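This is upload.txt (compact mmCIF, C-alpha atoms and all ligand atoms).
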```
# COMPACT_ATOMS: atom_id res chain seq x y z
CA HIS A 3 274.91 57.98 262.72
CA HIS A 4 272.40 55.09 263.23
CA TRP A 5 268.62 55.16 262.70
CA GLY A 6 266.41 56.12 265.61
CA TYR A 7 263.56 58.43 266.58
CA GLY A 8 265.43 61.75 267.02
CA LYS A 9 265.11 64.92 264.82
CA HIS A 10 268.22 63.95 263.02
CA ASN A 11 267.78 60.16 262.53
CA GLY A 12 264.00 59.62 262.76
CA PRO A 13 261.49 58.01 260.38
CA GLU A 14 261.75 60.72 257.70
CA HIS A 15 265.47 59.86 257.31
CA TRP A 16 265.23 56.03 257.19
CA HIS A 17 264.78 55.85 253.42
CA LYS A 18 268.41 56.89 252.85
CA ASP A 19 269.76 53.67 254.41
CA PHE A 20 266.58 51.58 253.80
CA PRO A 21 265.04 52.58 250.45
CA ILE A 22 262.16 50.05 251.02
CA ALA A 23 260.90 52.76 253.45
CA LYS A 24 259.09 54.19 250.37
CA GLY A 25 257.86 50.73 249.25
CA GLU A 26 254.49 49.36 248.26
CA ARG A 27 253.50 47.63 251.52
CA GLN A 28 254.93 49.70 254.38
CA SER A 29 253.57 49.78 257.94
CA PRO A 30 252.00 51.16 260.00
CA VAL A 31 248.89 52.58 258.28
CA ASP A 32 245.79 54.46 259.26
CA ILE A 33 242.79 52.11 259.56
CA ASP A 34 239.80 53.88 258.05
CA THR A 35 237.04 51.98 259.78
CA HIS A 36 234.36 52.95 257.24
CA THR A 37 236.50 51.75 254.22
CA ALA A 38 237.66 48.40 255.83
CA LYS A 39 235.38 45.69 254.61
CA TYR A 40 234.09 42.73 256.52
CA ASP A 41 235.53 39.56 255.00
CA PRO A 42 233.19 36.66 256.03
CA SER A 43 235.84 34.18 254.63
CA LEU A 44 238.50 35.01 257.32
CA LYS A 45 238.77 31.75 259.43
CA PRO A 46 238.59 32.15 263.24
CA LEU A 47 241.72 33.57 264.93
CA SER A 48 243.55 31.17 267.32
CA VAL A 49 245.92 32.56 269.97
CA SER A 50 247.44 29.60 271.89
CA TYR A 51 249.77 31.02 274.57
CA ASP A 52 249.21 28.44 277.45
CA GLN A 53 252.71 26.91 276.92
CA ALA A 54 254.57 30.21 276.18
CA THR A 55 258.00 30.27 277.83
CA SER A 56 259.46 33.74 278.29
CA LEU A 57 263.23 33.98 278.73
CA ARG A 58 264.46 37.52 279.05
CA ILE A 59 263.67 41.21 278.68
CA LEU A 60 266.10 43.41 276.68
CA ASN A 61 266.43 47.20 276.15
CA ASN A 62 267.68 47.22 272.55
CA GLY A 63 267.97 51.03 272.31
CA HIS A 64 264.65 51.30 270.38
CA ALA A 65 262.12 49.58 272.73
CA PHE A 66 262.17 46.78 275.27
CA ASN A 67 261.63 43.19 273.97
CA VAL A 68 260.26 40.29 276.03
CA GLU A 69 261.79 37.27 274.26
CA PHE A 70 260.44 33.72 274.24
CA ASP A 71 261.93 30.29 273.76
CA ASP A 72 260.75 29.53 270.17
CA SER A 73 262.82 26.22 269.85
CA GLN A 74 259.51 24.21 269.91
CA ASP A 75 255.83 24.77 268.88
CA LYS A 76 254.49 26.16 272.14
CA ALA A 77 252.96 29.67 271.80
CA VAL A 78 251.41 29.88 268.32
CA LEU A 79 249.11 32.13 266.33
CA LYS A 80 246.99 30.53 263.62
CA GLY A 81 243.69 31.06 261.85
CA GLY A 82 242.32 34.46 260.84
CA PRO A 83 244.00 35.47 257.59
CA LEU A 84 246.93 33.10 258.21
CA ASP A 85 247.87 29.93 256.34
CA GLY A 86 249.81 27.60 258.68
CA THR A 87 251.39 28.14 262.12
CA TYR A 88 253.26 31.16 263.40
CA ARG A 89 255.40 30.88 266.53
CA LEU A 90 255.72 33.67 269.12
CA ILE A 91 259.33 34.94 269.38
CA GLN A 92 259.00 38.30 271.21
CA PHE A 93 256.75 41.18 272.13
CA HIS A 94 257.50 44.85 272.51
CA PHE A 95 255.72 48.21 272.66
CA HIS A 96 255.80 51.61 271.02
CA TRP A 97 254.71 54.60 273.08
CA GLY A 98 254.55 58.35 273.33
CA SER A 99 255.86 61.22 275.44
CA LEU A 100 252.18 62.17 276.11
CA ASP A 101 249.01 60.07 276.35
CA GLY A 102 247.72 61.58 273.06
CA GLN A 103 250.32 59.82 270.89
CA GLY A 104 252.40 56.67 270.80
CA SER A 105 250.62 54.09 268.63
CA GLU A 106 251.94 53.22 265.16
CA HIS A 107 248.64 52.21 263.62
CA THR A 108 245.84 54.77 263.90
CA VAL A 109 242.09 54.25 263.73
CA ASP A 110 240.24 56.98 261.80
CA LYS A 111 243.44 59.05 262.48
CA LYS A 112 243.15 58.47 266.27
CA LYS A 113 246.48 57.81 267.98
CA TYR A 114 246.49 55.63 271.10
CA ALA A 115 248.94 56.11 273.98
CA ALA A 116 250.91 52.96 273.00
CA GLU A 117 250.79 49.81 270.86
CA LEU A 118 251.83 46.24 271.77
CA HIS A 119 253.34 44.06 269.03
CA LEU A 120 253.39 40.30 269.52
CA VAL A 121 255.77 38.99 266.85
CA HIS A 122 255.38 35.53 265.33
CA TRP A 123 257.26 33.73 262.51
CA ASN A 124 255.91 31.23 259.98
CA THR A 125 257.23 27.80 260.95
CA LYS A 127 257.37 26.65 257.30
CA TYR A 128 260.52 28.82 256.91
CA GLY A 129 262.42 27.09 259.75
CA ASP A 130 263.84 30.22 261.54
CA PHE A 131 263.04 33.90 262.00
CA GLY A 132 265.89 35.09 259.77
CA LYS A 133 264.60 33.03 256.81
CA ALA A 134 260.98 34.05 257.54
CA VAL A 135 261.67 37.79 257.23
CA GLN A 136 262.84 37.21 253.63
CA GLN A 137 259.34 35.98 252.70
CA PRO A 138 256.16 37.95 252.01
CA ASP A 139 254.23 35.76 254.46
CA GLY A 140 257.10 35.27 256.92
CA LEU A 141 255.74 37.07 259.99
CA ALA A 142 252.43 37.70 261.72
CA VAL A 143 252.34 40.61 264.14
CA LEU A 144 249.41 40.93 266.51
CA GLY A 145 248.95 44.58 267.33
CA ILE A 146 247.05 45.75 270.40
CA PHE A 147 246.33 49.38 271.27
CA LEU A 148 246.84 50.75 274.77
CA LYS A 149 244.69 53.53 276.24
CA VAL A 150 245.26 55.19 279.64
CA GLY A 151 242.67 54.43 282.31
CA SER A 152 242.47 51.41 284.63
CA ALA A 153 245.71 49.48 285.27
CA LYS A 154 246.39 46.26 283.35
CA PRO A 155 247.25 43.81 286.13
CA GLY A 156 249.00 41.45 283.70
CA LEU A 157 251.38 44.22 282.59
CA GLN A 158 252.69 45.06 286.08
CA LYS A 159 255.41 42.36 286.14
CA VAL A 160 256.82 43.96 282.96
CA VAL A 161 256.59 47.49 284.45
CA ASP A 162 258.39 46.43 287.62
CA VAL A 163 261.48 44.98 285.81
CA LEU A 164 262.04 48.13 283.66
CA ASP A 165 264.25 49.76 286.34
CA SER A 166 266.74 46.88 285.78
CA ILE A 167 267.01 47.52 281.97
CA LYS A 168 267.05 51.32 281.93
CA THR A 169 269.70 51.70 279.21
CA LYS A 170 270.47 50.25 275.80
CA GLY A 171 272.10 46.82 275.88
CA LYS A 172 270.80 45.87 279.36
CA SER A 173 268.86 42.60 279.74
CA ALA A 174 267.32 40.76 282.69
CA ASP A 175 266.00 37.25 283.23
CA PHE A 176 262.25 37.27 282.68
CA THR A 177 260.81 33.76 283.01
CA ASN A 178 257.24 32.55 283.48
CA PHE A 179 255.58 35.70 282.08
CA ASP A 180 252.14 34.86 280.63
CA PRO A 181 251.30 37.05 277.62
CA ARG A 182 247.60 36.03 277.86
CA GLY A 183 247.43 38.72 280.54
CA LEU A 184 248.02 41.41 277.85
CA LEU A 185 245.06 40.48 275.58
CA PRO A 186 241.70 42.30 275.48
CA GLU A 187 238.40 40.38 275.79
CA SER A 188 237.53 40.40 272.07
CA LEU A 189 239.76 39.09 269.25
CA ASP A 190 237.90 41.12 266.56
CA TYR A 191 240.58 42.48 264.22
CA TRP A 192 241.61 44.27 261.06
CA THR A 193 244.23 42.73 258.77
CA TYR A 194 246.40 43.84 255.86
CA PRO A 195 249.77 42.99 254.30
CA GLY A 196 252.62 45.22 255.50
CA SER A 197 256.12 45.51 256.85
CA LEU A 198 258.32 45.75 259.89
CA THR A 199 257.82 49.27 261.32
CA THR A 200 261.56 49.61 262.14
CA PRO A 201 264.60 49.23 259.90
CA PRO A 202 265.14 47.04 257.94
CA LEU A 203 261.42 47.69 257.14
CA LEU A 204 261.12 44.32 255.39
CA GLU A 205 257.80 43.65 253.65
CA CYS A 206 257.23 40.30 255.36
CA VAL A 207 254.34 40.91 257.80
CA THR A 208 250.69 39.95 257.89
CA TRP A 209 249.37 42.56 260.34
CA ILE A 210 246.48 41.59 262.64
CA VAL A 211 245.37 44.66 264.64
CA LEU A 212 242.81 44.08 267.40
CA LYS A 213 239.90 46.50 267.53
CA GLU A 214 239.56 46.45 271.33
CA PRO A 215 242.31 48.38 273.13
CA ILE A 216 243.61 47.33 276.53
CA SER A 217 243.61 49.83 279.36
CA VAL A 218 246.79 50.57 281.29
CA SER A 219 247.25 53.10 284.08
CA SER A 220 248.96 56.44 283.82
CA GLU A 221 251.55 55.09 286.28
CA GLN A 222 252.28 52.06 284.06
CA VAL A 223 252.95 54.14 280.95
CA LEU A 224 254.93 56.72 282.96
CA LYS A 225 257.34 53.87 283.78
CA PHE A 226 257.77 53.07 280.09
CA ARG A 227 258.77 56.73 279.63
CA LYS A 228 261.61 56.45 282.21
CA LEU A 229 263.53 54.05 279.94
CA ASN A 230 266.51 55.41 278.02
CA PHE A 231 267.49 55.19 274.35
CA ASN A 232 271.16 55.73 275.39
CA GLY A 233 273.64 53.31 276.87
CA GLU A 234 274.88 53.55 280.44
CA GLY A 235 277.47 56.31 280.86
CA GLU A 236 276.01 58.29 277.91
CA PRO A 237 273.90 61.46 278.00
CA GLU A 238 270.35 60.52 279.07
CA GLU A 239 267.69 60.55 276.34
CA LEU A 240 264.31 59.32 277.44
CA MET A 241 262.83 56.46 275.43
CA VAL A 242 259.63 58.14 274.28
CA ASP A 243 257.99 58.59 270.86
CA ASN A 244 259.49 55.39 269.48
CA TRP A 245 256.72 55.09 266.88
CA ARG A 246 256.72 55.35 263.08
CA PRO A 247 253.84 57.41 261.68
CA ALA A 248 251.24 56.02 259.27
CA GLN A 249 252.50 55.23 255.76
CA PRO A 250 250.65 55.31 252.44
CA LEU A 251 248.17 52.49 251.97
CA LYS A 252 248.92 52.25 248.19
CA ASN A 253 247.38 49.19 246.52
CA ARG A 254 246.06 47.54 249.71
CA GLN A 255 242.75 46.72 251.30
CA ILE A 256 242.23 46.44 255.04
CA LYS A 257 239.84 43.60 255.92
CA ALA A 258 237.66 43.38 259.06
CA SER A 259 236.93 40.13 260.86
CA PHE A 260 233.68 41.57 262.23
CA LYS A 261 230.49 43.37 261.07
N1 LIG B 301 257.61 46.82 265.06
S1 LIG B 301 257.38 45.43 264.33
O1 LIG B 301 256.49 44.59 265.08
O2 LIG B 301 257.05 45.70 262.92
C1 LIG B 301 258.88 44.53 264.27
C2 LIG B 301 260.09 45.15 264.00
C3 LIG B 301 261.25 44.38 264.06
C4 LIG B 301 261.18 43.00 264.38
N2 LIG B 301 262.29 42.14 264.70
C5 LIG B 301 262.33 41.15 265.77
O3 LIG B 301 261.36 40.91 266.73
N3 LIG B 301 263.56 40.51 265.83
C6 LIG B 301 264.56 40.73 264.76
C7 LIG B 301 265.61 39.67 264.48
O4 LIG B 301 266.27 39.69 263.46
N4 LIG B 301 265.85 38.81 265.45
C8 LIG B 301 266.97 37.87 265.27
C9 LIG B 301 266.63 36.50 265.81
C10 LIG B 301 266.14 36.60 267.23
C11 LIG B 301 266.42 35.61 268.16
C12 LIG B 301 265.85 35.63 269.42
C13 LIG B 301 265.01 36.66 269.78
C14 LIG B 301 264.74 37.67 268.87
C15 LIG B 301 265.32 37.67 267.61
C16 LIG B 301 265.14 38.89 266.74
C17 LIG B 301 263.68 39.20 266.48
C18 LIG B 301 259.97 42.40 264.47
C19 LIG B 301 258.83 43.16 264.47
ZN ZN B 302 256.73 47.06 266.79
```

Encoded form using structure tokens:
Amino acid sequence: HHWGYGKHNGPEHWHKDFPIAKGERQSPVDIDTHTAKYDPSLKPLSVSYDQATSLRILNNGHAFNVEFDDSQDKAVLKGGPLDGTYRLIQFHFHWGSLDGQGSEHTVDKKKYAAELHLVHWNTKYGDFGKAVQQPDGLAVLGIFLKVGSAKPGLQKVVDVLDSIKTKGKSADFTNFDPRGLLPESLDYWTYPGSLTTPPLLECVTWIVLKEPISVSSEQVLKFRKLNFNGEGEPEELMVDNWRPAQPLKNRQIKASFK
């Protein structure tokens, strides 16, 4: 009886196995744009993905992950609110059953159709597993998706999804350039939070871009053909794999922009 996104094992149940679910710095949150304050001290944000080396794409039963070779300093996030260098390890998405829902963060209570999470770990902790035990261990770059024009740089991901339909399937996925998933502007909001899935560790500096990317209805419809189940098990479509907004508690959301 494992955690998931069903009626019986969804986000409102997670606190029984993961009591930190009711903690002081849980994610995602609603971003109240009028209450976020411009912080002129944030340093410029630096996304350096030219040398990123993708390895594989995996259906883990909760989302699909594009994983990167993080054995050297190639693809790094620095600057913004961050002290030091954070290395890209994987990206994944959260999405809805309908275009009106799917994002984890919300903006003035608006839900986007999906949200991209580019996950990075702080190199001062040596490995990912050590980093997630630290309050500044991870930096996750979050990018909203809206439905409209296709995102050409997403299509290579869309086209491999038929080969990883069910939980536990993986496929080779080399030479994918995650710069093709970024919007034009790097304006962002930032706050201290958590993983949005169990174990819900409070180790993340969240950096949420203000500008959504546009993807086509056909691209997101292909996300919604994935399965939560394993092969040979009753089919359950992988949709609504998002945690709703959590209490902000004693936190301030900072804006990089006026
Ligand atoms: N929704 S979110 O952005 O808040 C979020 C939620 C969970 C994770 N975890 C992650 O990307 N994992 C978990 C992990 O232990 N390893 C173990 C080490 C290892 C090694 C290679 C590739 C991936 C991994 C994964 C990475 C991160 C972010
Ligand atoms: Zn995520």

Name the residues, by chain letter and number, that sit within 9 Å of ligand ZN 302 (chain B) using all atoms listed in the file, and give them as an mmCIF file with C-alpha atoms, keeping the file's coordinate frame.
```cif
data_model
loop_
_atom_site.group_PDB
_atom_site.id
_atom_site.type_symbol
_atom_site.label_atom_id
_atom_site.label_comp_id
_atom_site.auth_asym_id
_atom_site.auth_seq_id
_atom_site.Cartn_x
_atom_site.Cartn_y
_atom_site.Cartn_z
ATOM 1 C CA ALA A 65 262.120 49.580 272.730
ATOM 2 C CA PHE A 93 256.750 41.180 272.130
ATOM 3 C CA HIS A 94 257.500 44.850 272.510
ATOM 4 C CA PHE A 95 255.720 48.210 272.660
ATOM 5 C CA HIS A 96 255.800 51.610 271.020
ATOM 6 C CA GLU A 106 251.940 53.220 265.160
ATOM 7 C CA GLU A 117 250.790 49.810 270.860
ATOM 8 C CA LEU A 118 251.830 46.240 271.770
ATOM 9 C CA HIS A 119 253.340 44.060 269.030
ATOM 10 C CA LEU A 120 253.390 40.300 269.520
ATOM 11 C CA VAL A 121 255.770 38.990 266.850
ATOM 12 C CA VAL A 143 252.340 40.610 264.140
ATOM 13 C CA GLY A 145 248.950 44.580 267.330
ATOM 14 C CA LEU A 198 258.320 45.750 259.890
ATOM 15 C CA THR A 199 257.820 49.270 261.320
ATOM 16 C CA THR A 200 261.560 49.610 262.140
ATOM 17 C CA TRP A 245 256.720 55.090 266.880
#
```

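Straight-line separation from atom CA of residue 190 of chain A to atom CA of residue 214 of chain A: 7.3 Å.
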
Query raised in the report: Which one of A:241, A:185, A:251, A:109 sits closest to residue 36 of chain A if you count all atoms listed in the file?
Result: A:109

**Report entry** Which of A:215, A:202, A:195, A:82 sits closest to residue 13 of chain A [using all atoms listed in the file]
**Finding:**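 For residue 13 of chain A, the nearest of the given residues is A:202.
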
Query raised in the report: When you draw a straight line from atom CA of residue 138 of chain A to atom CA of residue 205 of chain A, how long is it in Å?
Result: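 Atom CA of residue 138 of chain A sits 6.2 Å away from atom CA of residue 205 of chain A.
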
Query raised in the report: Residues at most 10 Å from residue 27 of chain A, counting only C-alpha atoms, excluding those fewer than 6 positions away in the same chain, as a ChimeraX atom specification?
Result: /A:194-198,203-207,249-254

Report task. Go ahead and compute the interatomic distance for atom CA of residue 115 of chain A and atom CA of residue 158 of chain A, in Å to one decimal. Result ->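 Atom-to-atom, atom CA of residue 115 of chain A to atom CA of residue 158 of chain A, that is 16.8 Å.
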
Query raised in the report: Hey, which of A:11, A:208, A:92, A:124 ends up closest to residue 69 of chain A? Count all atoms listed in the file.
Result: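 Using all atoms listed in the file, residue 69 of chain A sits closest to A:92.
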
Query raised in the report: Leaving out residue 100 of chain A and any residue of its chain fewer than 6 positions from it, which residues lie within 12 Å of it when counting all atoms listed in the file, given as a ChimeraX atom specification?
Result: /A:113-116,149-150,220,223-224,226-227,242-244

Query raised in the report: Between A:99, A:87, A:28, A:137, which has the minimum distance to residue 49 of chain A (counting all atoms listed in the file)?
Result: A:87

Could you write segment 56-78 of chain A as a short mmCIF file (atom, residue, chain, number, x, y, z; two decimals), in the frame of the given file, with N, CA, C and O atoms rebuilt where they are missing?
```
data_model
loop_
_atom_site.label_atom_id
_atom_site.label_comp_id
_atom_site.auth_asym_id
_atom_site.auth_seq_id
_atom_site.Cartn_x
_atom_site.Cartn_y
_atom_site.Cartn_z
N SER A 56 258.67 32.50 278.41
CA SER A 56 259.46 33.74 278.29
C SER A 56 260.84 33.48 278.81
O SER A 56 261.03 32.59 279.72
N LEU A 57 261.83 34.16 278.28
CA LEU A 57 263.23 33.98 278.73
C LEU A 57 263.80 35.22 279.37
O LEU A 57 264.48 35.15 280.41
N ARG A 58 263.63 36.37 278.74
CA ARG A 58 264.46 37.52 279.05
C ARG A 58 263.76 38.78 278.58
O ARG A 58 262.88 38.72 277.68
N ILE A 59 264.12 39.89 279.14
CA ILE A 59 263.67 41.21 278.68
C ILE A 59 264.92 42.02 278.37
O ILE A 59 265.90 41.99 279.15
N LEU A 60 264.92 42.72 277.23
CA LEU A 60 266.10 43.41 276.68
C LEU A 60 265.72 44.85 276.31
O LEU A 60 264.71 45.05 275.58
N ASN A 61 266.50 45.84 276.72
CA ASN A 61 266.43 47.20 276.15
C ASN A 61 267.36 47.20 274.96
O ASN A 61 268.60 47.08 275.16
N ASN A 62 266.84 47.28 273.76
CA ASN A 62 267.68 47.22 272.55
C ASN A 62 268.00 48.61 272.01
O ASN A 62 268.51 48.73 270.89
N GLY A 63 267.72 49.65 272.74
CA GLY A 63 267.97 51.03 272.31
C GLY A 63 266.83 51.63 271.53
O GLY A 63 266.87 52.85 271.23
N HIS A 64 265.82 50.84 271.20
CA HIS A 64 264.65 51.30 270.38
C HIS A 64 263.34 51.03 271.12
O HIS A 64 262.36 51.75 270.88
N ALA A 65 263.28 50.01 271.95
CA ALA A 65 262.12 49.58 272.73
C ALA A 65 262.67 48.61 273.78
O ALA A 65 263.89 48.43 273.87
N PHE A 66 261.79 47.99 274.50
CA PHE A 66 262.17 46.78 275.27
C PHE A 66 261.45 45.58 274.68
O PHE A 66 260.26 45.68 274.28
N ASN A 67 262.16 44.46 274.56
CA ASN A 67 261.63 43.19 273.97
C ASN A 67 261.51 42.18 275.11
O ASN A 67 262.60 41.89 275.75
N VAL A 68 260.38 41.54 275.25
CA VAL A 68 260.26 40.29 276.03
C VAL A 68 260.42 39.17 275.03
O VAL A 68 259.60 39.02 274.11
N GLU A 69 261.45 38.33 275.21
CA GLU A 69 261.79 37.27 274.26
C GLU A 69 261.36 35.92 274.81
O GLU A 69 261.41 35.71 276.05
N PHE A 70 260.97 35.06 273.92
CA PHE A 70 260.44 33.72 274.24
C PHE A 70 261.34 32.66 273.65
O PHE A 70 262.00 32.81 272.64
N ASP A 71 261.28 31.51 274.30
CA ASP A 71 261.93 30.29 273.76
C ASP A 71 261.08 29.79 272.61
O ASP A 71 260.02 29.23 272.96
N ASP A 72 261.50 29.95 271.37
CA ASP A 72 260.75 29.53 270.17
C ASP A 72 261.39 28.25 269.55
O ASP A 72 261.25 28.12 268.33
N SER A 73 262.12 27.45 270.33
CA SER A 73 262.82 26.22 269.85
C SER A 73 261.82 25.05 269.69
O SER A 73 262.19 24.02 269.07
N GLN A 74 260.60 25.18 270.20
CA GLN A 74 259.51 24.21 269.91
C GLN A 74 258.19 24.94 269.61
O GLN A 74 258.12 26.15 269.90
N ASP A 75 257.20 24.21 269.10
CA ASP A 75 255.83 24.77 268.88
C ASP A 75 255.14 24.80 270.23
O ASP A 75 254.60 23.75 270.70
N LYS A 76 255.23 25.94 270.88
CA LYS A 76 254.49 26.16 272.14
C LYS A 76 253.40 27.20 271.86
O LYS A 76 252.26 26.81 271.51
N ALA A 77 253.80 28.46 271.91
CA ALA A 77 252.96 29.67 271.80
C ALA A 77 252.77 30.00 270.32
O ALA A 77 253.79 30.42 269.69
N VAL A 78 251.60 29.76 269.78
CA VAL A 78 251.41 29.88 268.32
C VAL A 78 250.16 30.71 268.04
O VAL A 78 249.15 30.69 268.81
#
```
